[PDB]
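J.: Once you've seen the sequence and the experimental structure below, I've got questions.
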Amino acid sequence: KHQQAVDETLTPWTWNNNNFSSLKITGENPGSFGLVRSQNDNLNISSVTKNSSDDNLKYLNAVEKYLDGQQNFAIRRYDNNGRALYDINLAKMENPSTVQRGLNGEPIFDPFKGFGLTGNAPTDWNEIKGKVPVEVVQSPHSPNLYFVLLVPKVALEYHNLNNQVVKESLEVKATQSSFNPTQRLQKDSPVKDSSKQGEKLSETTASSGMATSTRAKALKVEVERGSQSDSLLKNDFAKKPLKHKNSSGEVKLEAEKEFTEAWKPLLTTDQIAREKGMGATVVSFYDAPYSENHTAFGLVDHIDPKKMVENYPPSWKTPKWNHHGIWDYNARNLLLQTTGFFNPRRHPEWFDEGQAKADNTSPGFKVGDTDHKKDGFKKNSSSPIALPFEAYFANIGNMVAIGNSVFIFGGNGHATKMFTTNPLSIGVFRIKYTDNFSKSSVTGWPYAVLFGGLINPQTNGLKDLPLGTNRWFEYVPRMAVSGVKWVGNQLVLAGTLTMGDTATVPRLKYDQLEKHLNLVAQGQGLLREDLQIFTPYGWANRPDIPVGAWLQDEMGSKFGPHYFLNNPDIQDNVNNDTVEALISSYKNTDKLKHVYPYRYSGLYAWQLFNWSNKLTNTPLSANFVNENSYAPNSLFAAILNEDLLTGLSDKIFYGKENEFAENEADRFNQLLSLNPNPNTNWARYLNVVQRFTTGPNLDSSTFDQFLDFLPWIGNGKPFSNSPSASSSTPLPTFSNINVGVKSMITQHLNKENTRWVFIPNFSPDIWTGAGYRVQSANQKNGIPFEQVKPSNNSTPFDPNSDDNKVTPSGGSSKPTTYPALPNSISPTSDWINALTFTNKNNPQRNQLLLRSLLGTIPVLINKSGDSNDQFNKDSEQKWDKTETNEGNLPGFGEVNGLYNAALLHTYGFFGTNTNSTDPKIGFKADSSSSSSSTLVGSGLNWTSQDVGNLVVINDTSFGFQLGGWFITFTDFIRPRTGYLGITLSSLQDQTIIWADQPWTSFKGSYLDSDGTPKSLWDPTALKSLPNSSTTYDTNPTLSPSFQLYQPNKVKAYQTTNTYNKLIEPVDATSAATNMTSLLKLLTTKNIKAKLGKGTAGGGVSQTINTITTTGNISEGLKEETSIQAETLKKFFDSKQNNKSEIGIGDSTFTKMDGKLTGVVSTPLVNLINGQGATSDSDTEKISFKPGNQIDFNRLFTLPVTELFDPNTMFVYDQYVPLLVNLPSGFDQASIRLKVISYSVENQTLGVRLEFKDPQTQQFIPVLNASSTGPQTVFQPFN
């Protein structure tokens, strides 16, 4: 009854969620603990029915019971050669036993007899026997100790569960009517309420003072507590003089009406908590392979989701709200935007009742009361952040043993990921084992608290990324964990991270909602696009202006100094006289704040800089955290603090400082930074991140030059388009260098970044890029104010009007406006000395890098490909006329920070790049008619969750498979200066690159014996899309990369002075009707078709050959002749034929026969599945001397202790040839005999034969030493 004899029907496999296939067992008894599975099919989970009656849980238990009788799993133990020894299958173990311990808790063990067994099965055996082992980790200090990760059989078959139980968040109704993306979207802008105009903010009365002006006085925001239990004496922030459009029923966000067939998680956090079998379990076990009783159980601990949820910030109990409170609530609410910092509507995966609470109602604070001064008071909530099935299992995987603790960092979330869901690891789980691992304690800490100490100096690449938080942890980082590994002596956590929300940071002017549909949908939670969409016309000058100040200038005529359509040209100067009169004239107090009449405004960069959760030099510094990203939008690797992780307490105690104010009066005088009270401990968790990386070690404009240098996986063509002829030759997508015209440097705008003390040995002259604004071809050194916003009733803004002028004490009334403004306001604008005019930003640059490697950056489409809607490049695209409409720069609706036409060219949408016959797909900036456009995908289906397992390459480098690219971090551990610090190896198998679910061909990455990292690919294992409904329908098809891009509609572009002013849109709610042709291409398959792809390998992909000098871009970083960004563009261009020299290249491939399921890795070998494990040729001549052949007299008569060095525990060099048979003329020094056990009394000498491996000069066990193993006992004729 060899209960755990190797079952040949089982074969290795890799779990999708973590990419574990085998654990490399180190130490005295090396080998591997590899996952192993039954490969029976014809399972129909369809057989298990749901009789409406009882619930999801009732259905699940039934599925697990079904699968219990169908599927089979174990973890088999392999010897150092790769040969299987024993299986250990929990379901088929009849008599499982816990290990016997001492009084100290130390297990009872003899190296030969094995473990002492209690004969009692481990705790909760009946629930846990049926669970599937998905990960094995070995204790570093304690020997024979290992840890198994168990998940329900259901967690595996998650995607195959009933369509009505496991569904997508995007409702697709069975209608063959017509496709309108905006149909689900709330697009009707708010209107003036009339009911109460007493809710409109008041001007200040009065106040010698030198400067004065006729400009409309500041608006006072007064807040006074008074003596009332439920009411405030004054509460101006609550004042809402606007209201939702009334279509005989309000145009507002209602979860009841909108989510009729609402997305809900498989199980609530409490269900997973209660139902022992439905959760992940970690079982501590013992293992000595060459011993008799070789397997024994230890400690069985269930990973309670409630243990993580307990340690969430108190901010998270009320996530439909934020520290800004009621002013921001009404403002977002009215603007048909999601409220809070983590709204169910945006991320329902984390809410127990999913989409059911997907609105702004009941935020935990009184809102919309009949009397506004009763608003903003703490009321009852029913919408906290939790950890449902979906998000929970996404956080199950990647476990590491550090000292007396075991940590679970989570997986890539693929186990529960749907096309419209983003389940991710919210934090770390830790089982703290005590008393020789006889006692345990389970706890969970969210990443948000562990990452609180994040500051710019920790990174060496892009700076000011939205990863900052505050006392109320409003930034909620989540991960698609690659792994946690030791890179040398440093603990690295890698994968992809969810940055702060950057694309919804700007806020619209209450009327501009229907013109800016794409942007509205991003705030609405409908368009799950994390990238910044460039639709700036409609933006309000500031996102922080309260509703009371929105109707000071309704007609617009006054250019409302308070609230107006964001335009950096009509912004005020920083001259003392301007500031003195418009700002310092009004002074804020204890009970008063002012809506200043100083004209503030700026583009993307500026809006983000002031209202995003940017990183600074101080932690918990973000006064503004807009929201959190939908999908992981950043590459991320971080050196963690082992001592903190192991040291930190289980329960984290927050203080009143982590809680939102109980009323708008307390809230009014909130200090952003508060000192933790001595009874709390929350503060101690903030600095677990010592350092971090986010990609290559480049910043701002310099970074863009690299973005171009890298190619697109689908094409093999770079974003640069630099290889060539003609003067109408394609321009780069990300760079500004040699694009447009070279403008001249002067006019530093704010923060007194003056200098001028040290002038460089060159002219710094900045290129405008594409979509620039020039006075004349001759005059390209600034733009006179005369190319001004002439907005209301075509009556231009007059800069010298009484209100737009200030006069100091003495006279001569001068205007507040600027005389000249920068030569670009396009998405590709990069003005170093004009933040307010810059659109290009690091938060976008970061996303763009991840997204260019995933190759999923969207393109704006005007003309489809169809016979009557074409784009003839030769005629409609003039690369030299970027200044005009012939440059086809949208200037509205495109991805911010890039030139759409160059991206389209790169993608081969128009041109020979992808299709040999020009697909003629593009954007025509038309001077004859109103333009109707929509963003579309590239045609690739890679997601930012397509994160493979972590591979340590050496004591200073590591990497992982991110989509089709294998990224390696060379300059993270010991960062070499002048080196870029990234190596990218692209996949070659096109059938995978373009595939519908491409990451389903991925079967893990592994570092090979040769030294290079390799990745398993199996295109036969590519999962096809859900089902060919009808013939194959007639509407949109949800794919992993599928997005719900809304139509943008702009007026006809000008023939001359096109991008002098911002591009003006018009209503587009209706516009979908004619885009039938284009709207068709919102579905991946259709673009794949037009590009000549989709319809018609299998092996291992090795990375590019890198050397110590590889990555040395120092020559390109020199600021000798040109500014850093220019010198790098020149350098990259010179190195275009040898991209390999930098670290960019095509990963070489080796063909393999049959389906690849995983690898079995022992310190000696990596065998794909169980490829030919052979006996070691080096040791084949070494063997123990048979019992009879022993001398007996020589020092075996006298005590055993005399045969080995007590300090070292090795048999003295002299007796070694007495016990082992060696080939004639063998080096005695290349073999050793460790004493495993001895009995002076019983005259027994237990040994293990070790041999110095010729490759690594370490001793390996001579597995062929005995019939049993490298172990044997020597005893006199007994």
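T.: Yep, it's here. Numbers count the residues shown, from 1 in each chain.
J.: what about the helices in the stretch 601-750 of the chain?
T.: All helices of the stretch 601-750 of the chain, identified by DSSP state H, counting those that start in this stretch, fall at 604-611, 642-647, 664-668, 700-709.
J.: could the ones you listed be laid out in TSV, adding distance to residue 1127 and mean neighbour count?
T.: To be clear about C-beta, it is placed using only N, CA and C from the backbone, and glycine gets the same treatment. Shown next, in TSV, are the helices of the stretch 601-750 of the chain (distance: least, C-beta to C-beta, whole Å; neighbours: other C-beta atoms under 10 Å):
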stretch	distance to residue 1127	mean neighbour count
helix 604-611	23	23
helix 642-647	40	16
helix 664-668	50	20
helix 700-709	9	24
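J.: will you turn these into CSV that also has distance to residue 406?
T.: Listed next are these as CSV, based on distance: least, C-beta to C-beta, whole Å:
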stretch, distance to residue 406
helix 604-611, 40
helix 642-647, 10
helix 664-668, 42
helix 700-709, 38
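J.: Looking at the ones you listed, which is nearest to residue 860?
T.: helix 604-611 (16.4 Å; C-beta to C-beta).
J.: Kindly export the closest one (C-alpha atoms) in PDB.
T.: The C-alpha trace of helix 604-611 is given here as PDB (Å, rounded to 0.1, in the frame of the first residue of the first chain):
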ATOM      1  CA  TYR A 604      -2.200  68.000 -19.100                       C
ATOM      2  CA  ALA A 605       1.300  68.400 -17.500                       C
ATOM      3  CA  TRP A 606       0.200  71.400 -15.300                       C
ATOM      4  CA  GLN A 607      -3.200  69.900 -14.400                       C
ATOM      5  CA  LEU A 608      -1.500  66.600 -13.300                       C
ATOM      6  CA  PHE A 609       1.400  68.400 -11.500                       C
ATOM      7  CA  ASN A 610      -1.100  70.100  -9.100                       C
ATOM      8  CA  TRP A 611      -4.000  67.700  -8.900                       C
END
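J.: Show me what it is in contact with.
T.: 464, 466, 502, 505-506, 532, 534, 536, 539, 543-544, 566, 568, 614, 624, 626, 827, 835-836, 838-841, 843-844, 896-897 (C-beta atoms under 8 Å, 6 or more residues apart in numbering).
J.: Which of those residues fall in helices?
T.: Mapping the contacts of helix 604-611 onto helices (DSSP state H) picks out 843, 844.
J.: re earlier: which one, of the helices of the stretch 601-750 of the chain, ends up nearest to residue 471?
T.: Closest approach to residue 471 among those (C-beta to C-beta): helix 664-668, 12.7 Å.
J.: ranges for the strands of the stretch 501-650 of the chain?
T.: Applying DSSP state E, counting those that start in this stretch to the stretch 501-650 of the chain gives strands spanning 533-534, 592-595, 634-640.
J.: Relative to residue 932, which of the helices of the stretch 601-750 of the chain is closest?
T.: Going by C-beta to C-beta, the one of those nearest residue 932 is helix 604-611, 24.1 Å.
J.: and that closest one, how far from the chain's centre?
T.: Remark: helix 604-611 is offset 21 Å from the chain centroid, using C-alpha atoms, centre = their mean, to the nearest Å.
J.: go on, stretch 993-1000?
T.: Relative to the chain's own centre, stretch 993-1000 is displaced by 19 Å; criterion: C-alpha atoms, centre = their mean.
J.: measure that stretch end to end?
T.: End-to-end distance of stretch 993-1000 (C-alpha to C-alpha, to the nearest Å): 11 Å.
J.: cool, stretch 756-772 as well?
T.: End to end - C-alpha to C-alpha - stretch 756-772 spans 26 Å.
J.: Begin at 43 from now on, thanks
T.: OK, 43 is where the count begins now, so the last one is stretch 798-814.
J.: buried ones in that stretch?
T.: Neighbour counts over stretch 798-814 (16 or more other C-beta atoms under 10 Å) mark 808, 809, 810, 811, 812, 813, 814 as buried.
J.: any residues touching it, and which ones?
T.: 773, 777-787, 816, 822, 865-874, 924-925, 929, 931, 933, 941, 943-944, 1100-1101, 1161-1165.
J.: again, but for stretch 773-783
T.: Counting by C-beta under 8 Å, 6+ apart, residues outside stretch 773-783 touching it are 743, 746-747, 749-750, 761-764, 808-814, 816, 822, 865-866, 870, 872, 882, 890, 921, 924-925, 939-941, 943-945, 948, 1167-1168, 1171.
J.: Residue 336 is nearest to which of the helices of the stretch 643-792 of the chain?
T.: helix 684-689 (29.6 Å).
J.: and the closest one, how far from the chain's centre?
T.: 24 Å.
J.: Contact partners for residue 197?
T.: Applying C-beta under 8 Å, 6+ apart, the residues near residue 197 are 174, 322, 435, 438, 457, 458.
J.: Doesn't the fifth one belong to a helix?
T.: No - counting by DSSP: H, G, I helix; E, B strand; the rest coil, residue 457 falls outside a helix, being coil.
J.: List the residues that contact the nearest residue to it once chain neighbours are set aside.
T.: Excluding its sequence neighbours, the residue lying closest to residue 457 (C-beta to C-beta, 6 or more residues apart in numbering) is residue 59, at 3.8 Å. Residues near residue 59 by C-beta under 8 Å, 6+ apart: 176, 435, 436, 438, 439, 453, 454, 455, 456, 457.
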